[PDB]
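Read the single chain below, which is given as structure tokens and is the form deposited in one PDB entry.
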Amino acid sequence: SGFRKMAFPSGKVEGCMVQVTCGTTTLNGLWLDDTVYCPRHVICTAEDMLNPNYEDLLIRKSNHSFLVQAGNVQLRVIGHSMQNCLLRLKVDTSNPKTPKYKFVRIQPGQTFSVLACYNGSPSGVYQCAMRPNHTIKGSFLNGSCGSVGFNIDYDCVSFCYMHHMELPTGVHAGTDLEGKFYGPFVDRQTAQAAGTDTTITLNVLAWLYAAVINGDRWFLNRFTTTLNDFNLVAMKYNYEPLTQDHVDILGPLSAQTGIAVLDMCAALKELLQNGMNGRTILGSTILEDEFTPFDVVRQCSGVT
């Protein structure tokens, strides 16, 4: 085997995607049981985004204002409401394809799979990470709002992201499935922009462990470093400060390889200060930061 960035199989989420139309505005909605969740801004025109009064805008709306379509079938909306930045449409049919699921709010650095959708039709799936600056570097075109991000564990789909907008830098912002935005972003037009971003140290470290697991270990050394000394270095390279909590999160990988985290940090320190000298790690020339400690375990163990 080799080591590739992988997305979770997307079947369980494909079965939950529908198209939600309100006037001339169409986007994607997630259908679980008899509820369809979508970005509340589906009830907005152009000039509306410039600080719309969603409360007021919603009143002017009625169940028939919403056109929900699953496959080539219209789902009759029998109720509607707002939950933070999401619209909750009650429909007359419980999704027969509803998987076991839960809604979770992901933390910065964590990864998930995104099912890009258009007109309620899945078009592609990719793995990405919630950046330390609370945005995601995704790939979305107009009409992708409502697309969701998720993780799967056994048979349970953990929904963690719903797409709402693109920022001036071309990165993305969205909410958890309770409608609460990740970061300080809002669903209206403002001068809002992504703050400065950093490299996800925890993930880089997890990735170095995966490399060692796969026999790529030329970068290892016989030294170690203190947490504080590691951070004086990492931060110079725009790496996120490493916490004792991150150290503990890496415990299982540290135990599997018998390489203490601070010993691996000493290796990382050397790599940042001197580069790779033309060599590669897992066939890469750069330090990857979109694999969590959990991702490496999952993959380096063939979890299905």
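For every residue, the number given is its place in the sequence shown, counted from 1. Only residues modelled in both forms are compared. By rigid core we mean the largest C-alpha set that fits within 1.5 Å across both forms.
Higher mean CA B-factor, judged across 108 to 116 and 226 to 234 from the recorded values: 226 to 234.
Looking at mean Cα B-factors across 73 to 81 and 192 to 200, the upper value is held by 73 to 81.
The residue among 259, 50, 265, 32 whose C-alpha atom has the highest B-factor in the PDB entry is 50. Taking only the listed residues 244, 254, 28, 65, the entry reports the highest CA temperature factor at 65. Per the deposited record, the Cα B-factor of residue 7 falls in the lowest third when ranked against the other modelled residues of its chain. Remark: residue 19 belongs to the middle third of its chain, ranked by C-alpha B-factor as recorded. Ranked against the other modelled residues of its chain, the C-alpha B-factor of residue 142 as given in the entry falls in the highest third. In the deposited entry, the Cα temperature factor of residue 154 places it in the highest third of its chain's modelled residues. The PDB entry assigns residue 239 a C-alpha temperature factor belonging to the lowest third of its chain's modelled residues.
The form deposited with a partner chain bound is left out here; the points below concern that form.
Just one listed stretch, out of 201 to 209, 136 to 144, 217 to 225, 85 to 93, contacts its partner chain in the bound PDB entry at the 4.5 Å heavy atom level, and that stretch is 136 to 144. Taking a 4.5 Å heavy atom cutoff to its partner chain in the bound PDB entry, the contact residue among 81, 98, 74, 190 is 190. Residue contact check for residue 165: one or more of its heavy atoms lie within 4.5 Å of its partner chain in the bound PDB entry. The shortest heavy atom separation between residue 67 and its partner chain in the bound PDB entry exceeds 4.5 Å. In the bound PDB entry, its partner chain lies within 4.5 Å of some heavy atom of residue 49. Remark: 301 to 304 is the one run between the shown form and the other one in which three or more consecutive shared residues have Cα displacements of 2 Å or more on core superposition.
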